[PDB]
Amino acid sequence: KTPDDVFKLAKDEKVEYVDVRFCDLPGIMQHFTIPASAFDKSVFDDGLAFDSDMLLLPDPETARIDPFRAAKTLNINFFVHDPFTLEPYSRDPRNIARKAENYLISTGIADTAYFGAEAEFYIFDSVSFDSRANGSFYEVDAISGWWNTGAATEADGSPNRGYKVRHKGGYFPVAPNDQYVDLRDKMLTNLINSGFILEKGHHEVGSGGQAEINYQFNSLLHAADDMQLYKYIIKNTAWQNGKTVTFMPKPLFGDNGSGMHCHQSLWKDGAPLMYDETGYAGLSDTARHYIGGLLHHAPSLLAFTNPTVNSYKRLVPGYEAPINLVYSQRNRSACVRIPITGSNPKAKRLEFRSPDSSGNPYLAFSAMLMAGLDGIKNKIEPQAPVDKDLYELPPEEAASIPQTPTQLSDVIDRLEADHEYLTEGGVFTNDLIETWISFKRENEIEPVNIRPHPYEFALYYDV
Amino acid sequence: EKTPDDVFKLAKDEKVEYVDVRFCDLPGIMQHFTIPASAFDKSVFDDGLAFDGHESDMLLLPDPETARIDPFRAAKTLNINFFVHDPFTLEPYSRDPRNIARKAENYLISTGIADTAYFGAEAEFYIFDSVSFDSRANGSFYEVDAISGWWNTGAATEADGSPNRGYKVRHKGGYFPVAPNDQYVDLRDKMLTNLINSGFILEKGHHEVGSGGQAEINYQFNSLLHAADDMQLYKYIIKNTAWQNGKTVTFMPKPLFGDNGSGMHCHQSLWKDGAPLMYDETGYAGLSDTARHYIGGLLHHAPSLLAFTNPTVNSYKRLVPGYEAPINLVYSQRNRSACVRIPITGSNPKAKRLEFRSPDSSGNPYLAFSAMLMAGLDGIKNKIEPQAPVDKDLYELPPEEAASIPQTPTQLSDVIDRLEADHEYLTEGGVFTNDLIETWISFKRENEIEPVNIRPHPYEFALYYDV
Amino acid sequence: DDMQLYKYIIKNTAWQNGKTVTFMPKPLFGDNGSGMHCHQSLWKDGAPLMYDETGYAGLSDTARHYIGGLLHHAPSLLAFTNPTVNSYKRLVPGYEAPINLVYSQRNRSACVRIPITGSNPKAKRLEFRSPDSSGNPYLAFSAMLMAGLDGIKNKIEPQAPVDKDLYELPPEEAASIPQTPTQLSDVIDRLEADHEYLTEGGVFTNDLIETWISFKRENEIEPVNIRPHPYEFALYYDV
Amino acid sequence: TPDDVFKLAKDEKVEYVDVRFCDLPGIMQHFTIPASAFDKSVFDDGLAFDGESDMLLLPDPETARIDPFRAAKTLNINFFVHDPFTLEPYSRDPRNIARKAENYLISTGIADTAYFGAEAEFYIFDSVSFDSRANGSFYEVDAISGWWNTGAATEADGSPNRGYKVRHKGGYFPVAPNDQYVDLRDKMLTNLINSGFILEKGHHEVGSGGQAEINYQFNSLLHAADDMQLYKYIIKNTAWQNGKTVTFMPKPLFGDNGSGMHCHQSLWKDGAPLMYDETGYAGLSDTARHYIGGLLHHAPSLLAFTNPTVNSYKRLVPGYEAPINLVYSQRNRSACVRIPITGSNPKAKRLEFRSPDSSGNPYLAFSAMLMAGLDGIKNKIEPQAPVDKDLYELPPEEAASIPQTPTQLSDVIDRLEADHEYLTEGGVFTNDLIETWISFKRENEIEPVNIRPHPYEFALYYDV
Ligand SMILES: O=c1nc2c(n3ccnc13)=Cc1c(-c3ccccc3)cccc1-2
Ligand SMILES: O=c1nc2c(n3ccnc13)=Cc1c(-c3ccccc3)cccc1-2
Ligand SMILES: O=c1nc2c(n3ccnc13)=Cc1c(-c3ccccc3)cccc1-2
Ligand SMILES: O=c1nc2c(n3ccnc13)=Cc1c(-c3ccccc3)cccc1-2
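Residues numbered from 1 in each chain as written, not as in the entry; some residues may be left out. Chains lettered and ligands numbered in written order. Part of a larger assembly, values for the part shown. Heavy atoms only, no water.

Under the annotation held in the PDB entry, chain D carries the name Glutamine synthetase 1 and is attributed to Mycobacterium tuberculosis. Anyone opening this PDB entry will find it titled "NANOMOLAR INHIBITORS OF MYCOBACTERIUM TUBERCULOSIS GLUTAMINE SYNTHETASE 1: SYNTHESIS, BIOLOGICAL EVALUATION AND X-RAY CRYSTALLOGRAPHIC STUDIES". Looking at chain D in UniProt, the text filed under Catalytic activity is "L-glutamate + NH4(+) + ATP = L-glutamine + ADP + phosphate + H(+)". Its UniProt record gives chain D a comment under Subunit, which states: "Oligomer of 12 subunits arranged in the form of two hexagons." (UniProt positions renumbered as here; feature names shortened; annotations may be inferred.)

Going by what the PDB entry lists, chain B is known as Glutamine synthetase 1 and is assigned to Mycobacterium tuberculosis. Of chain B, the UniProt comment under Subunit reads exactly: "Oligomer of 12 subunits arranged in the form of two hexagons." On record in UniProt, under Subcellular location, the comment for chain B is "Cytoplasm".

Caption draft 1: Structural view of the domain arrangement of chain B. All names here are of chain B. For chain B, the assigned domains are domain 1 (1-96) and domain 2 (97-455). The interface of domain 1 with domain 2 comprises 24 residues on the first partner and 29 residues on the second. When domain 1 packs against domain 2, close to 2300 Å² is buried across both sides, 55% of that on carbon and sulfur atoms. Of the charged contacts, one joins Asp-230 and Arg-68 as a salt bridge, the two residues approaching to 3.7 Å between their closest N and O atoms. Applying the counting criterion to the domain 1 and domain 2 interface returns 14 residue pairs in polar contact. Among the elements of the structure, β1 (18-24), β5 (68-69) and β6 (77-85) are those that each provide at least two residues to the side of domain 1 that touches domain 2. Counting residues per element, the side of domain 1 that touches domain 2 draws most heavily on β6, at 5 residues. In terms of residue class, the side of domain 1 that touches domain 2 is built from 11 nonpolar, 5 polar and 8 charged. (Domains from an automatic or database assignment. Contact = heavy atoms within 4.5 Å. Buried area = accessible area lost by both parts, 1.4 Å probe. Salt bridge = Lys/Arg side-chain N within 4 Å of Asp/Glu carboxyl O. Polar contact = N/O pair within 3.5 Å; in protein donor to acceptor, adjacent residues only side chain to side chain. Helix = DSSP H or I, 4+ residues; strand = E, 2+ residues; numbered from the N terminus. Nonpolar A, V, L, I, M, F, W, Y, C, P; charged D, E, K, R; others polar.)

Caption draft 2: The site of ligand 1, seen in detail. Residues and elements named next belong to chain A. The environment of ligand 1 is formed by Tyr-114, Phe-217, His-263, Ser-265, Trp-267, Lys-346, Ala-347 and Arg-349. For ligand 1, the protein covers 73% of the area, taking 470 Å² as the surface of the free molecule. The biggest single contributor to the shell around ligand 1 is strand β14 (residues 260-268), with 3 residues. Classifying every residue of the shell around ligand 1 gives 4 nonpolar, 2 polar and 2 charged. (Near = heavy atom within 4 Å. Areas by Shrake-Rupley, 256 points an atom, 1.4 Å probe, with all protein chains shown as cover.)

Caption draft 3: Examining the sheet that holds strand β9 (residues 127-132) of chain D more closely. Taking strand neighbours across the sheet as the criterion, the 4 strands line up as β8(A)-β9(A)-β10(D)-β9(D) in an open arrangement whose pairing is antiparallel. Each end of this open sheet is capped by a strand with a single partner; those strands are β8 (126-131) of chain A together with β9 of chain D. Taken over all neighbouring pairs, the strand axes of this sheet differ in orientation by 15 degrees on average, direction set aside. Alignment of strand β9 (residues 135-141) of chain A against strand β10 (residues 136-142) of chain D, held across 5 bridges, turns out to be antiparallel. Bridging from a neighbouring strand, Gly-135 of chain A pairs with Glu-140 of chain D of β10 of chain D. (Pairing = 2+ DSSP bridges. Axes fitted to C-alpha atoms, helices over the stretch in contact; angles between N-to-C directions.)

Caption draft 4: Representation of unusual backbone geometry within the structure. Cis peptide bonds are those with omega within 30 degrees of zero, and the linkage from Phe-443 of chain B to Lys-444 of chain B qualifies with 25 degrees. Mapped onto the elements of the fold, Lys-444 of chain B is located in helix α10 (residues 434-453). Between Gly-280 of chain D and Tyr-281 of chain D the backbone carries a cis peptide bond, its omega angle lying at -5 degrees. Its location among the elements puts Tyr-281 of chain D in the loop between β16 (272-273) and α6 (286-306). Even without being a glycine, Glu-324 of chain B presents a positive backbone phi close to 60 degrees. Relative to the helices and strands, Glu-324 of chain B resides in the loop between α6 (289-309) and β16 (328-332). Judged by relative accessible area, which is 34%, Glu-324 of chain B ranks as partly exposed. Although it is not a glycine, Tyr-164 of chain D adopts a positive phi angle of roughly 70 degrees. (Buried < 20%, exposed > 50% of the residue type's maximum accessible area, 1.4 Å probe, protein only.)

Printed below as a string of structure tokens:
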């Protein structure tokens, strides 16, 4: 969306520093700042050096004004390139994504992939945690937390006023029960100001400590950029107002997980490919195959989709979790749900409900698109839909319903075995997958695995 | 009433940035989500909004009447109450309290007895500074406190370190003393302002009254459904006025032991082709043939009716045999211990109504109001005659001459059984479904009656540890 | 007398070693209750009256009728047996507590369970499992025996014994088993209704029983009822 | 002999007798009866109780011990659970399972006695506290001697920090004052010798910082298991009585030693050892070889009984080289099975299974091991080549062919759920018992730990 446009923004707004941003492999953004003067034409054509060593080239589409910086700052995202060969670095997620958009163009099946994500998050007043030789602990807190019901007085001394208990009847009570109304307002304002579009099905929902704002869809790469931006604005708006946000799958035990339902659809020559009045749920064979690709590769898809150890405290056989490998229109417990849109072809999409916000959105959306394209290119048929509720059906008839693996170590094992569908088009390279597998095993899987669980003592000190 | 167009005017004049989509849960706690102002166009009134809570997905349709500017949100927010429909069939959801009241108001018309049922409810509440409580395996506790609480006469300093300045104790004489005994004057006025600015009408028999921690403000009547809408708004505004002044409110039936209960009195009337039915000098008190038959209906149905008018386990710490609590099934002109009570309307035709004295605010105003009107109508159908009025005292009149004055049931688990055993007048017209009531019977049993029943009371320790 | 003694000795041994004991039927929520399992037999001329091999579970025709008397008068018998408000926090439908008005040799869930004693005529007895130590052992034993006798005199035949599992037996097939009342106020109302098996022979007097009722109502039932439960705040402060 | 015990009860002026018996996962249960009530009729008729409904309890005279901790003079005896009507050993009493194993061992004519000796490590702390709430979870153990306390200004009781704490380079078993628990361990050893444990040549009290171990003489399978139970009871209580608190949990300390139970085994017939053969390896007959063959073959499921806790697998990890390598050796501490150097003496010859931990039920652990051992003989299962070189330092493609034990309790439970015939042979283990054990572990241990966030997850992921 034109270098010259970004230069207009720089002037109208009177920008004085530019925040160069880029994405580390496990998916936390990185930044440094240059003065506005040092940002010009030559930045877009040549790039910027930085440190091993990297050449950074900017994406004109991702330019945003920073609501939080005291100086007037414009943030832009960049693709990492190798300074010698000038060629897109292999393990830059923004590139893994860009190659995925381009692969989709070469197949000639469709030209654009539209992603839309619904990312939930927790708001807390404080968190502390710590692992030692002889002990370990964590504790999150918040004023409105139902476990603070018999509190003498609050954190800051002020009297305990009640209105905390997660009650019965609904999930989204009005104030004073809704104790973070004004915070979510600020967030939504900051999102609307930072150019997020909010139309029909888009809203701010708030269930006590947990909240969700959804915005309009976007093209795969830019959907992911939006997703990193959303997180950034949500986190910092809480930060700037004395709170602390976490997107982690399962911070509260015996309460709700924080999911990310991803809506995907394919378009070509300016028309939707997912609609067909005649087929089930109004789904065309292209869509049905795509779903079949997702359900076939789910076991290895979850490696990027739900890539933390914490992820599998949410995806656990119990809560009616999106772990059942079928598609549906009803079932919440099914992996792929289809949103009831109607006779409108433009809205017809499919919602993959397993993912969580803990992943790298660039690799996640890509991994999904790759799995779906595999479904299309191999005409895979998904096992028939399941519309009547799953909790009420014979134990044997419902034993034909396969499950997602329930551990990080497993999905990582599975990614290791079958990852062929990801190597297509030079998107995920066999190198990068080795790295993703090693990275998780060495830095997550096993360092968690060697540390005794607090609850283990409950069970076993007495033995 | 006001059309959709006025709502897009209000929003625009006020410079609303967000619109609050409110709908009611089954027990009667408002639910909401927020959408930007720009996303609130005319298609909202025609096509509706989607969201998801057997049911899964749901279509929500706005009520142009209930649009109000939130005084409390920092962002400029307009609130509108919605009806729940079937996304596919456009059919009202049989379990949506506002729908239920809608059905009630239509049914009334489908009988031709009248066209409009009016309600207006004086609802009482408590203001506290603090509340804490908690249930564990090896014990329980609760404690409300407030600065003006009489149990705090001996305090050395107040909570904020400030000296104790007296003027607390509940006295003998009257219930509504002036400052400084009335410590909650500025807060109550603030509440009043907020209700006035949020559009409530205060006129004749309408007042703000302050009895210690307990307080009450009564506002103008409204048609059954919109009366209940008003009822919600009223709680919201009190609650949130308190909250933003660092206090805490509660509408529960009995927060304090050995002290007053919080009670919601519902005045009913009926109207047709612009005129009131209830009036007629030639009969008792001013009551017409229909008015009396109505009253009969309330009285014959009370044991099941209470299941909606007096829902909570806490509802029956107010309604106790002794306190002169409205448990007696007769109508009256003088008795505060009587279920129905005809107010001194000074025989002008329009003001003739009847006040039900039993229900508390701890309910679902939609269902309550609806089920009340349902009882009153069945009473009109079978021309049901209510036992003779009682104008002489109940506290003092021969013990075996007034023995056959019947009593409402005094437990929750009791009244629910009456409901599970007789619910026809409610299902008449499909106003209440049988499916709805079955769940509300089950609610209630699982979620209220049973978990209370299985927890030891602290006082059981006073009684029994030593045994 | 032994029972009062036991209690006293238990309480005081603890008290003397810096602790504190309680026989209240349910002191901990979501944990076990303290019950009193009562074994009964009748004897004549130094020889037991309860044994018979050709009858069910080794019972005599005396023993069976006796049982019928307990189960028919249980709704009233509990007013002495389980005479406190706190008793019904133990005898609530849920924990599968001994509430089902049937007799067994298997069930932990029935009021009367016959102790497996095999072929010894002396050792055959009946264990009435509902009572708690919160009552008066004098009045409680008394009323058990009194109800047991009205069963022999009138020859009450108790419905079929159930060895089969009370936790899993078809929802409408076992919907034909009477429960005890689940509230003190109930068993009191039901003692006021029928208490004839008690005043037979002038053992319990109509007066005594009338005091007991007024004692339980005005000193226990009513003062608990008018006092708000902490869990009510958990339920309703928000309304 | 029954009569020994009555004279024991008499001589020691015993006033109470402790009726003991083993629950399913492995903690002993008890009720006390007066000494007056304990007579000839106990050993003949039995004793009645309930846990299913009513059960009969029959005493094992061998297990009779004076209780050194109870102030009232008390005698502890273990019992076997029987059905009151049929007089049938109960299908589920671990002590019966051990008994029944010992008999099946005779029924095959393979050997008549199965000898088990156990070296069970333990930890001594001054305090433990923990809990798991909705918004939080924690644990902490502490010991004044602990190397994390080097910088403490004062101790718990206020007296000054005197040093001599930190795990130091070169030595695992230092002398005092580094050995801060010398007088406690002594009391422990005294209490065992007093309680009828036998200590001889290879038997010794060792003490590694806060971890400690005391071996005692072998016994026949059932009694070995009884001893193990007893050994735990005395260790635990000896500390308890001295204001300390002990744990047999496999892995209480992150970044430190795990506690293991090494299980020495051998078989005998007609009073002749079956394990020796001067024709190698390590002087091992084919009986001994096939036994090992079975151990190593069934190890993937055997661990659901030898290492049956979620904690067990924080010790058994591909880390410090914990005994997870499916080979037998003479050198590697990282081998599952190892043969102790006995040299020429044919009676000392045995095989040491090194994976097990004391978080177990020894009756089941020991039975499961022997059952696996016999299937090894009956099927002449041949175990893969004995590794005598280093496991941590060898060509990666020649060490890739070395199989590993499963790394997680969830797995071994499943592996047990797949093949477990070798256990059900002769009716030692019933399919009924094994099933309960699976449901038990899955629903009570595997599933509850799983759904509870780990504190280090907040370290990794709060910032995601
Ligand atoms: O006009 C459009 N309308 C829609 C759209 N789209 C992509 C390109 N042009 C359009 C995409 C779209 C979705 C959608 C599709 C996939 C993922 C998320 C949202 C839902 C409702 C309506 C639309
Ligand atoms: O002019 C009126 N004046 C009154 C009225 N009403 C309904 C329609 N028009 C009127 C209704 C009304 C009540 C009333 C009726 C029912 C419930 C509560 C108040 C009391 C006093 C005065 C009025
Ligand atoms: O030898 C006797 N053995 C018993 C007995 N009894 C009464 C008079 N003589 C005897 C009474 C008795 C009971 C028993 C009977 C009723 C209530 C409680 C215990 C239980 C077991 C054994 C006996
Ligand atoms: O004389 C013996 N010497 C020994 C023995 N044993 C059992 C029966 N008789 C003997 C068993 C034994 C072991 C041994 C065997 C298995 C497990 C632990 C120790 C070690 C050294 C010496 C012996």
